[PDB]
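See below for the structure under consideration.
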Amino acid sequence: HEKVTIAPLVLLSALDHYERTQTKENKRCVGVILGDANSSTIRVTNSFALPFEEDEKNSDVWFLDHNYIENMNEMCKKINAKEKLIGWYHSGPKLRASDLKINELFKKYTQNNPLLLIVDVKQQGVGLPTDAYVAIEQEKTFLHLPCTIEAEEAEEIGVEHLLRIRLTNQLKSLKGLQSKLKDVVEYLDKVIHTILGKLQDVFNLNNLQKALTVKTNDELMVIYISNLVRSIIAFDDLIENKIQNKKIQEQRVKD
Amino acid sequence: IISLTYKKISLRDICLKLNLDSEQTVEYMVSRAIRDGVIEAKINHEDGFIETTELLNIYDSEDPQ
Amino acid sequence: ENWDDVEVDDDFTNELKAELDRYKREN
Amino acid sequence: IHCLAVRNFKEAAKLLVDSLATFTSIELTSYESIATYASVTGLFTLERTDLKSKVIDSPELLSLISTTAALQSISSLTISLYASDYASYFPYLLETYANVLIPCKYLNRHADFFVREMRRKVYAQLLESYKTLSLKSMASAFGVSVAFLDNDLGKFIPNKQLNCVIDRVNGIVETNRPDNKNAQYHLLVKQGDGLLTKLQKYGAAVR
């Protein structure tokens, strides 16, 4: 599959618009992304904002500015001519049912499949909660793609200036287990379709991990053997330094 | 020493080596040696020989760990 | 000198020549 | 020469065996004297692949066999070992031990110590030639006695020199696994702890 990369310039741009647009009472701020989707790795080097207002009790009322789309063409094209509109982004933690109708408005300006980017403004997740989706023909479905961080001279300089293993993964595995656990509890309470089909894929593919235990410990002892021959070398860098430090002490006594 | 030489050895074949007393004497001295996990073998009286239960192949176990 | 020079051998001297006795008779 | 007194047999086989065709030192050593030790260290480190090249088919030892046939070392012992025939291998052991190992000064000091290495070589070759064989079948094949068979294998198997299984009920011999993964790691236990002993002992001495 393809890849999606979001620069920290786009990250901080979407996260700052929360307090800039006075977004509260669980609302969203619809932006726009600028990148090159022609390659296999989608990289967004520019982003902007758009005014968005939606009623809480009415999902059929939403405001969008299509005039600002033509305003960035008179600006960005005079600086970077390789910037095009590959889609938009949202500041909400989870998508709603209105995103299906938003794709009809941007399909004329975008020259390719629009990209759906979701950025969590609450920062309540672990790692990179920012996710991306690609709308294709199912009627329509959203194909998720992994999100990475852009590494370039135009970003890491500003990141290092403002700012300056398994234990982290343990908290990440709990998020995947509790997500499926709470989904079953909410399902049984509201009743007594794609999740039920893919749910048993994990159960039939951790009692099954105990059959290879005989072959698992075969390569585990090699790790300790590699550490045993390395442990002897560890003393070679120590005792040798003790001999050198002893010769330094003999010169300090004569002083 | 004799257990490592012969995995399966008869009852009267050991007495011809160490010049022991009787056949019942050598049979009951082997059961005492496996108390501490030294010989690690079994004695089959119906078949008439002592078979070693150690197949080695400890690379698949957790003991070296 | 592991398991060799300490106990020497003290065998296979007169018993080696004695093997040819059973070879040239029973055959 | 010094490798024979320290019981090397490894580095000595890389010099006295494979070398040029003369090495005549006159007063010190002769050509027939150095060529005699070629079959001593050549039967230990060199496997069967090098026995048929640098020993048997080597032109240096071909001229000595046709000259002096009283050695019975580079010829009788090499042909019997290459054919893996114990019937003809036995009578050449006593003839070589008496007229070669005993008179030489750097040999008789080993003598039976060097004989123990030659016997375990032919027992290891035949061990890989079969899985299960009756004791009476091998006794009547290579012409070995049954009483002397138990004493020959009793000086090796308990020392973990050769892995063999013998069932005295049916009178058959089996073949154990010659090389295993755990058997290789057991040698690293003594080598690993042998190094850590020097690092700990000599490390505490200088402080």
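Ordered as shown in the structure tokens, chains take letters A, B, and onward, while each chain numbers its residues from 1 and ligands are numbered from 1 in the order shown.
Residues of chain B carrying a DSSP assignment of alpha helix (DSSP H), computed from the backbone, are residues 2, 3, 4, 5, 12, 13, 14, 15, 16, 17, 18, 23, 24, 25, 26, 27, 28, 29, 30, 31, 32 and 33 of chain B.
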Notebook entry, point to check: What lies within 6 Å of stretch 132-147 of chain D using only C-alpha atoms, ignoring chain neighbours under 6 positions off, as a list in words?
Noted result: residues 86, 87, 171, 172, 173 and 174 of chain D
Next item on the list: Using only C-alpha atoms, select each residue of chain D with any atom at most 8 Å away from an atom of chain A, and give the selection as a ChimeraX atom specification.
Entry: /D:192,195-196,199,203
Go ahead and dump the residues you just picked, C-alpha atoms, as an mmCIF file, in the first residue's frame.
```
data_model
loop_
_atom_site.group_PDB
_atom_site.id
_atom_site.type_symbol
_atom_site.label_atom_id
_atom_site.label_comp_id
_atom_site.auth_asym_id
_atom_site.auth_seq_id
_atom_site.Cartn_x
_atom_site.Cartn_y
_atom_site.Cartn_z
ATOM 1 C CA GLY D 192 34.206 -19.723 29.088
ATOM 2 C CA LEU D 195 38.830 -17.357 30.844
ATOM 3 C CA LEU D 196 36.665 -15.838 33.588
ATOM 4 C CA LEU D 199 40.170 -12.400 34.633
ATOM 5 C CA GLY D 203 42.231 -8.945 38.284
#
```
Next item on the list: Find the residues of chain B in contact range of chain A, meaning any atom within 8 Å when counting only C-alpha atoms, and list them as an MDAnalysis selection string.
Entry: chainID B and resid 59:62 64:65
Please produce a file of those selected residues containing C-alpha atoms, as a compact mmCIF listing (two decimals), in the first residue's frame.
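Final output, out_6.txt:
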```txt
# COMPACT_ATOMS: atom_id res chain seq x y z
CA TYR B 59 19.29 -27.97 23.45
CA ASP B 60 15.47 -27.98 23.19
CA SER B 61 14.96 -27.52 26.95
CA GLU B 62 15.19 -24.50 29.27
CA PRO B 64 20.89 -24.14 29.83
CA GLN B 65 18.97 -20.86 30.15
```
Item checked: Backbone DSSP call of strand (DSSP E) for stretch 32-155 of chain A, listed as number ranges by chain -> A: 32-36, 41-49, 84-90, 115-118, 131-137, 140-145, 147-149
Show me a table, sorted first by chain and then by increasing residue number, of the residues of chain D having an atom at most 9 Å from chain B, each with its shortest atom pair and the distance in Å to one decimal, counting only C-alpha atoms and written as a Markdown table.
```
| residue | atom | partner | partner_atom | distance |
| --- | --- | --- | --- | --- |
| D:153 | CA | B:5 | CA | 7.9 |
| D:154 | CA | B:5 | CA | 6.7 |
| D:156 | CA | B:5 | CA | 8.7 |
| D:157 | CA | B:5 | CA | 5.6 |
| D:158 | CA | B:4 | CA | 5.6 |
| D:159 | CA | B:1 | CA | 8.9 |
| D:160 | CA | B:4 | CA | 8.7 |
| D:163 | CA | B:5 | CA | 8.9 |
| D:164 | CA | B:5 | CA | 7.5 |
| D:165 | CA | B:7 | CA | 5.9 |
| D:166 | CA | B:6 | CA | 5.3 |
| D:167 | CA | B:8 | CA | 5.0 |
| D:168 | CA | B:9 | CA | 5.5 |
| D:169 | CA | B:10 | CA | 6.3 |
| D:180 | CA | B:57 | CA | 7.5 |
| D:181 | CA | B:59 | CA | 6.5 |
| D:182 | CA | B:59 | CA | 5.3 |
| D:183 | CA | B:57 | CA | 8.8 |
```
Include C-alpha atoms and write out the residues we just selected as an mmCIF file, in the first residue's frame.
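Wrote out_11.cif, looks like this:
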```cif
data_model
loop_
_atom_site.group_PDB
_atom_site.id
_atom_site.type_symbol
_atom_site.label_atom_id
_atom_site.label_comp_id
_atom_site.auth_asym_id
_atom_site.auth_seq_id
_atom_site.Cartn_x
_atom_site.Cartn_y
_atom_site.Cartn_z
ATOM 1 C CA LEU D 153 35.627 -49.889 23.552
ATOM 2 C CA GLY D 154 35.864 -49.574 27.347
ATOM 3 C CA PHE D 156 36.935 -44.561 25.055
ATOM 4 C CA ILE D 157 33.133 -44.537 25.379
ATOM 5 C CA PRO D 158 33.154 -43.653 29.129
ATOM 6 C CA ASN D 159 35.638 -40.857 28.327
ATOM 7 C CA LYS D 160 33.184 -39.370 25.774
ATOM 8 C CA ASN D 163 29.420 -42.194 21.141
ATOM 9 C CA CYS D 164 28.275 -45.810 20.806
ATOM 10 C CA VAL D 165 25.363 -47.918 22.052
ATOM 11 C CA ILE D 166 25.671 -51.679 22.586
ATOM 12 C CA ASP D 167 22.754 -53.978 23.441
ATOM 13 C CA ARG D 168 24.072 -57.121 25.134
ATOM 14 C CA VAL D 169 20.676 -58.869 25.114
ATOM 15 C CA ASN D 180 24.898 -32.355 18.448
ATOM 16 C CA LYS D 181 24.261 -28.706 19.257
ATOM 17 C CA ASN D 182 24.435 -29.225 23.026
ATOM 18 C CA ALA D 183 27.698 -31.179 22.767
#
```
Can you tell me which residues surround residue D:61 at a distance of at most 12 Å, considering only C-alpha atoms, apart from same-chain residues fewer than 2 positions away, and format the answer as a PDB file with C-alpha atoms, in the first residue's frame?
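Heads up, here's the output in out-v3.pdb:
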```pdb
ATOM      1  CA  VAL D  17      54.151 -33.792   6.382  1.00  0.00           C
ATOM      2  CA  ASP D  18      53.681 -31.079   3.742  1.00  0.00           C
ATOM      3  CA  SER D  19      57.095 -29.624   2.857  1.00  0.00           C
ATOM      4  CA  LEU D  20      59.822 -29.768   0.211  1.00  0.00           C
ATOM      5  CA  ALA D  21      61.538 -32.970  -0.896  1.00  0.00           C
ATOM      6  CA  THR D  22      64.956 -32.744   0.781  1.00  0.00           C
ATOM      7  CA  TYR D  31      66.001 -37.769   4.910  1.00  0.00           C
ATOM      8  CA  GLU D  32      64.727 -41.207   5.956  1.00  0.00           C
ATOM      9  CA  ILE D  34      62.245 -37.043   8.890  1.00  0.00           C
ATOM     10  CA  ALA D  35      60.113 -38.997   6.406  1.00  0.00           C
ATOM     11  CA  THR D  36      59.385 -41.584   9.115  1.00  0.00           C
ATOM     12  CA  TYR D  37      57.591 -39.048  11.329  1.00  0.00           C
ATOM     13  CA  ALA D  38      55.399 -37.994   8.385  1.00  0.00           C
ATOM     14  CA  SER D  39      53.035 -40.895   9.131  1.00  0.00           C
ATOM     15  CA  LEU D  51      45.683 -38.981   3.462  1.00  0.00           C
ATOM     16  CA  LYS D  52      45.135 -39.842  -0.217  1.00  0.00           C
ATOM     17  CA  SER D  53      47.017 -36.732  -1.416  1.00  0.00           C
ATOM     18  CA  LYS D  54      49.884 -35.591   0.847  1.00  0.00           C
ATOM     19  CA  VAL D  55      50.541 -39.092   2.243  1.00  0.00           C
ATOM     20  CA  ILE D  56      49.608 -41.879  -0.175  1.00  0.00           C
ATOM     21  CA  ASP D  57      49.771 -40.168  -3.575  1.00  0.00           C
ATOM     22  CA  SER D  58      52.510 -37.757  -2.469  1.00  0.00           C
ATOM     23  CA  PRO D  59      55.586 -38.448  -4.650  1.00  0.00           C
ATOM     24  CA  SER D  63      60.243 -43.439  -3.567  1.00  0.00           C
ATOM     25  CA  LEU D  64      60.827 -44.418   0.072  1.00  0.00           C
ATOM     26  CA  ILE D  65      58.418 -47.376  -0.042  1.00  0.00           C
ATOM     27  CA  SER D  66      60.242 -48.940  -3.002  1.00  0.00           C
ATOM     28  CA  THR D  67      63.604 -48.253  -1.291  1.00  0.00           C
ATOM     29  CA  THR D  68      63.152 -49.337   2.347  1.00  0.00           C
ATOM     30  CA  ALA D  69      60.184 -51.654   2.928  1.00  0.00           C
ATOM     31  CA  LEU D  71      59.292 -49.275   7.884  1.00  0.00           C
ATOM     32  CA  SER D  73      54.309 -47.224   8.477  1.00  0.00           C
ATOM     33  CA  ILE D  74      53.780 -44.877   5.521  1.00  0.00           C
ATOM     34  CA  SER D  75      52.588 -47.866   3.454  1.00  0.00           C
ATOM     35  CA  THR D  78      48.032 -45.914   5.315  1.00  0.00           C
TER      36      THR D  78
END
```
Next item on the list: Please provide the set of residues having any atom within 10 Å of stretch 111-120 of chain D, restricted to only C-alpha atoms, with same-chain residues fewer than 4 positions apart removed, written as a ChimeraX atom specification.
Entry: /C:4-5,8-13 /D:7,9,40-41,43-44,77,81,86,89-90,93-94,97-98,100-102,104,106-107,124-125,152-153,155-156,161-162
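Taking atom CA of residue D:47 and atom CA of residue D:14 as endpoints, the distance between them is 12.7 Å.
Picture a line from atom CA of residue A:113 to atom CA of residue A:89; it runs 13.9 Å.
The coordinates place atom CA of residue D:92 at 20.9 Å from atom CA of residue D:50.
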Next item on the list: Show which residues sit within 10 Å of residue A:16, as a PyMOL selection string. Count only C-alpha atoms, and ignore same-chain residues fewer than 5 positions away.
Entry: chain A and resi 11+21+91+121
